[PDB]
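So the protein sequences, as listed, match chains A and B. Heads up: the first sequence at position 207 corresponds to 207 in PDB author numbering, and the numbers run straight through without jumps. Heads up: the second sequence at position 150 corresponds to 150 in PDB author numbering, and the numbers run straight through without jumps. We put the CB at the ideal spot given by N, CA and C, even for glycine.
2 protein chains.
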Amino acid sequence: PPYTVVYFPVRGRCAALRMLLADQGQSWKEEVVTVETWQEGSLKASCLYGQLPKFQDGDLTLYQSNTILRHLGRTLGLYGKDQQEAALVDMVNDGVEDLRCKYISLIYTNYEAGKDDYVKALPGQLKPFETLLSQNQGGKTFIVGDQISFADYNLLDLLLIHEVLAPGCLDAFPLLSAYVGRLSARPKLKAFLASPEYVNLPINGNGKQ
Amino acid sequence: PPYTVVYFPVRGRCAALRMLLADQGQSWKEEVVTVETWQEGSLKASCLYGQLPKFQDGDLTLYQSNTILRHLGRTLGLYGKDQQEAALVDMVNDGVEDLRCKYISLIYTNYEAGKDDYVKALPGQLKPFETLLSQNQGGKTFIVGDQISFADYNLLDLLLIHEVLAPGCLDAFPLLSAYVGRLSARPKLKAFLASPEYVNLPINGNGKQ
Ligand SMILES: N[C@@H](CCC(=O)N[C@@H](CS)C(=O)NCC(=O)O)C(=O)O
Ligand SMILES: N[C@@H](CCC(=O)N[C@@H](CS)C(=O)NCC(=O)O)C(=O)O
């Protein structure tokens, strides 16, 4: 640290890393980028891949949400207990990322027309995570191992936003359902999820969810 | 080890991890999955996210190409010299992944119609990596630090396939151009890139490139 999150006034790709920081008792600064500032071009041009989030950790400047998650993950000890667990954490996170990309595609590309189809395919997309849970202490702890990892936060956010998109989409998945309520119940996390900082921010930037 | 790569008879998302194995002097088994075997459904159903590559490392079974790259990366010591370098390696790899996704989209979704546009935007997509290089020992070594990492292999493959898509797309990028020739010149890598094992495999599965 100190940590600084440079992003638009949305939860989006910063929601999970924010939950991580909050739950780990970390302090950070939120640098909010309005549309006007982005449309002007200066900031965008300075970003490596021309996109936000931009993360500051002392003298270290990072880009890419998953790079930030892995950074906070290895640095804060939320990346598995060993190399094998670390690989499992990656496999989970990679899966979460694939579905997030499909979700964002729906939201920004063809929400109205493609929504029903997306919802039909959803259970097949959630299945893998339910399976992962059933293989780890009967799904009573975390997604990988007995300790929480950055993949847990990313998975939790994914499940939360999909529940807003299709309420009750977790009803057919017992372990996933229980996993969300359990994680969401974590003191520092519960406090964050209920805060104006989280609640008063739209999930996405186009008003859809 | 032992390592086993279960994949279709294409370079695709296994090309980079194969270059890594080869260049590091590693031995592995190639389990080739024909269309008939995949269309039958048994293997697909057993895959976590229903897709290949599937990787075997002794008793460890992994899925997701980047999970395999990171696995081989941390296990073989190709993941930066410290935590900061490791995060930079992720940032590079995340960027390579974003562009690979755009490329695959072109190849399978609308190659014919969207090709020219993709090629127009290409330099803006390659720029970040040229910049990364200019900031690391003047681009004379690797993408991050003085040692090679899994991100190097993934970046090299990306550059190779784009050069096949748009020959000379690296002509405006001196460091990227030099970086490819240098890496491609590496003994074990050069030997692999020239082999029937690599050469006689199509870049993609739809005959396009
Ligand atoms: N792969 C990147 C995606 C970043 C991204 O898509 N950023 C968007 C907002 S969520 C952005 O900055 N859009 C502005 C633009 O591209 O003009 C990540 O993982 O962070
Ligand atoms: N995100 C995955 C992508 C895997 C993937 O797209 N696999 C394709 C081949 S490149 C596949 O198995 N397609 C068969 C299917 O989905 O039916 C990774 O990084 O490996």
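Is it right to say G145 of chain A is buried, meaning 16 or more other beta carbons lie within 10 angstroms of its own, or is it exposed?
As a first step, residue 145 of chain A is located in the first sequence; it is residue number 145 there, counting from the start. Burial is judged here by how many other beta carbons sit within 10 angstroms of a residue's own beta carbon; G145 of chain A has at least 16 and is buried.
Please go through the same chain and pick out, in chain order, the residues whose beta-carbon is closer than 7 Å to the beta-carbon of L175 of chain A, but skip the five residues on each side of it.
Within the first sequence, the letter at position 175 stands for residue 175 of chain A. Same-chain partners within the cutoff: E130, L133, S134, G139.
Own chain residues within Cβ distance below 6 Å of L183 of chain A, not counting five before or after
Here residue 183 of chain A refers to the residue found at position 183 of the first sequence. So the list reads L156, once near-sequence residues are dropped.
Taking Cβ to Cβ, would you say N93 of chain B is nearer than 9 Å to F173 of chain B?
Position 93 of the second sequence holds residue 93 of chain B. Position 173 of the second sequence holds residue 173 of chain B. Cβ atoms of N93 of chain B and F173 of chain B: not closer than 9 Å.
Is the number of C-beta pairs between the region 44-64 of chain A and the region 86-104 of chain B that are closer than 8 Å three or more?
Contact between the region 44-64 of chain A and the region 86-104 of chain B is present: 3 or more CB-CB pairs across the two stretches fall below 8 Å.
Cβ of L132 of chain B within 9 Å of any chain A Cβ
What you label residue 132 of chain B is simply residue 132 of the second sequence in a count that begins at 1. Yes - at least one Cβ of chain A is within 9 Å of the one on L132 of chain B.
Below 7 Å on C-beta distance, what does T75 of chain A contact in chain B?
To locate residue 75 of chain A, count along the first sequence from 1; it is residue 75. In chain order: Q83.
CB contact check: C169 of chain B to chain A, cutoff 9 Å:
Here residue 169 of chain B corresponds to residue number 169 of the second sequence, with the count starting at 1. Chain A, which has no Cβ nearer than 9 Å to the Cβ of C169 of chain B, makes this no.
Return no unless some Cβ of chain B is closer than 9 Å to the Cβ of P128 of chain A.
Position 128 of the first sequence, counting from 1, holds the residue named residue 128 of chain A. Yes, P128 of chain A lies at the interface with chain B (some Cβ there is under 9 Å from its Cβ).
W28 of chain B bridges to which residues according to DSSP?
The count along the second sequence starts at 1 and reaches residue 28 of chain B at position 28. In the DSSP output, where bridge partners are listed per residue, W28 of chain B has B:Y3.
Using only CA atoms, which one of B:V180, B:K127, B:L106, B:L60 lies nearest to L165 of chain B?
As a working note, residue 165 of chain B is residue 165 in the second sequence. Among B:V180, B:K127, B:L106, B:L60, the Cα nearest to that of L165 of chain B belongs to B:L106.
Tell me whether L52 of chain B, by its Cβ, gets closer than 8 Å to a heavy atom of ligand 2.
For the purposes of this step, residue 52 of chain B is taken as the residue at position 52 of the second sequence. In this structure, ligand 2 has a non-hydrogen atom nearer than 8 Å to the beta-carbon of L52 of chain B.
Chain A contact for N204 of chain B (CB, 9 Å cutoff)
As a first step, residue 204 of chain B is located in the second sequence; it is residue number 204 there, counting from the start. It does not; no Cβ of chain A falls within 9 Å.
When you compare the CB positions of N204 of chain A and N66 of chain A, do they come within less than 9 Å of one another, or not?
Here residue 204 of chain A refers to the residue found at position 204 of the first sequence. Here residue 66 of chain A refers to the residue found at position 66 of the first sequence. Taking C-beta atoms as the reference points, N204 of chain A and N66 of chain A fail to come closer than 9 Å.
Note the first and the last residue of the continuous alpha helix (DSSP H) segment covering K120 of chain A.
In the first sequence, the residue the question calls residue 120 of chain A occupies position 120. Unbroken alpha helix (DSSP H) run through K120 of chain A: 111-134.
Against chain A: residues of the region 94-108 of chain B by CB proximity under 8 Å
Those residues of the region 94-108 of chain B that come within reach of chain A (Cβ to Cβ, closer than 8 Å) are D94, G95, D98, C101.
What are the boundary residues of the beta strand (DSSP E) that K54 of chain A is part of?
Residue 54 of chain A sits at position 54 when you count from the first residue of the first sequence. First-last of the beta strand (DSSP E) with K54 of chain A: 54-57.
Considering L158 of chain B, what are the terminal residues of the alpha helix (DSSP H) in which it resides?
Position 158 of the second sequence holds residue 158 of chain B. For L158 of chain B, the enclosing alpha helix (DSSP H) begins and ends at 150-165.
Use the C-beta contact count for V199 of chain B: other C-beta atoms within 10 angstroms, 16 or more gives buried, fewer gives exposed.
Taking the first residue of the second sequence as 1, we reach residue 199 of chain B at position 199. It is exposed - the Cβ of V199 of chain B has fewer than 16 other Cβ atoms within 10 Å.
Tell me the residue span of the beta strand (DSSP E) that contains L60 of chain A.
Stepping through the first sequence from its first residue, residue 60 of chain A is reached at position 60. First-last of the beta strand (DSSP E) with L60 of chain A: 60-63.
Give a single yes or no on whether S65 of chain B has its beta carbon closer than 8 Å to a heavy atom of ligand 2.
Here residue 65 of chain B refers to the residue found at position 65 when the second sequence is read from its first residue. Yes, ligand 2 has a heavy atom inside 8 Å of this Cβ.
In or out: residue 244 of chain A buried (at least 16 other Cβ within 10 Å) or exposed?
Residue 244 of chain A falls outside the range modelled here, since chain A spans only 1 to 209, and no answer is possible.
Would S27 of chain B pass as a contact of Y3 of chain B if the rule is Cβ separation under 9 Å?
Along the second sequence, one-based indexing puts residue 27 of chain B at 27. Along the second sequence, one-based indexing puts residue 3 of chain B at 3. Their beta carbons are under 9 Å apart, which means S27 of chain B touches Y3 of chain B by this criterion.
Supposed close pair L72 of chain A, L17 of chain A - CB separation, criterion 8 Å
As a first step, residue 72 of chain A must be located in the first sequence, where it is residue number 72. As a first step, residue 17 of chain A must be located in the first sequence, where it is residue number 17. 6 Å between Cβ atoms; contact.
Can you name the start and end residues of the alpha helix (DSSP H) that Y198 of chain A belongs to?
If you number the first sequence from 1, residue 198 of chain A lands on position 198. 196-199 is the extent of the alpha helix (DSSP H) around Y198 of chain A.
If you measure from the beta carbon of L62 of chain B to each beta carbon in chain A, is any gap under 9 Å?
Numbered from its first residue, the second sequence carries residue 62 of chain B at position 62. Answer yes: the Cβ-Cβ gap between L62 of chain B and chain A drops below 9 Å somewhere.
Beta-carbon separation (whole angstroms), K188 of chain A vs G25 of chain A, contact threshold 8 Å
In the first sequence, the residue the question calls residue 188 of chain A occupies position 188. In the first sequence, the residue the question calls residue 25 of chain A occupies position 25. With a Cβ gap of about 6 Å, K188 of chain A and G25 of chain A count as contacting.
Against chain A: residues of the region 9-36 of chain B by CB proximity under 8 Å
The residues in question: there are none.
Hey, is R13 of chain A close to ligand 1, as in C-beta under 8 Å from one of its heavy atoms?
Along the first sequence, read from residue 1 onward, the residue named residue 13 of chain A stands at position 13. Checking every heavy atom of ligand 1 against the Cβ of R13 of chain A, one is found closer than 8 Å.
How many angstroms separate the CA atom of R70 of chain B from the CA atom of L21 of chain A?
Indexing the second sequence from 1 puts residue 70 of chain B at position 70. Indexing the first sequence from 1 puts residue 21 of chain A at position 21. Straight across, the Cα-Cα distance linking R70 of chain B with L21 of chain A is about 24 Å.
Proximity test, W28 of chain B beta-carbon vs ligand 1 heavy atom, cut-off 8 Å:
Reading the second sequence from its first residue, position 28 is the one you call residue 28 of chain B. It does not: the Cβ of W28 of chain B is nowhere closer than 8 Å to a heavy atom of ligand 1.
Less than 8 Å between the CB of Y103 of chain B and some heavy atom of ligand 1, yes or no?
Within the second sequence, residue 103 of chain B is the residue found at index 103, counting from 1. No - ligand 1 has no heavy atom lying nearer than 8 Å to the Cβ of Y103 of chain B.
Can you tell which of B:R74, B:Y79, B:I68 has the C-alpha that lies nearest to the C-alpha of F55 of chain B?
Position 55 of the second sequence, counted from the start, is the residue given in the question as residue 55 of chain B. Minimum Cα distance to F55 of chain B is reached at B:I68.
Can the beta-carbon of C14 of chain B be found closer than 9 Å to that of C101 of chain A?
By one-based count along the second sequence, residue 14 of chain B stands at place 14. By one-based count along the first sequence, residue 101 of chain A stands at place 101. Against a cut-off of 9 Å, the Cβ pair of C101 of chain A and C14 of chain B comes out as no contact.
Quick check on the burial criterion: 16 or more other C-beta atoms within 10 angstroms. Buried or exposed for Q83 of chain B?
The count along the second sequence starts at 1 and reaches residue 83 of chain B at position 83. Within a 10 Å sphere around the beta-carbon of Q83 of chain B sit fewer than 16 other beta-carbons, which makes this residue exposed.
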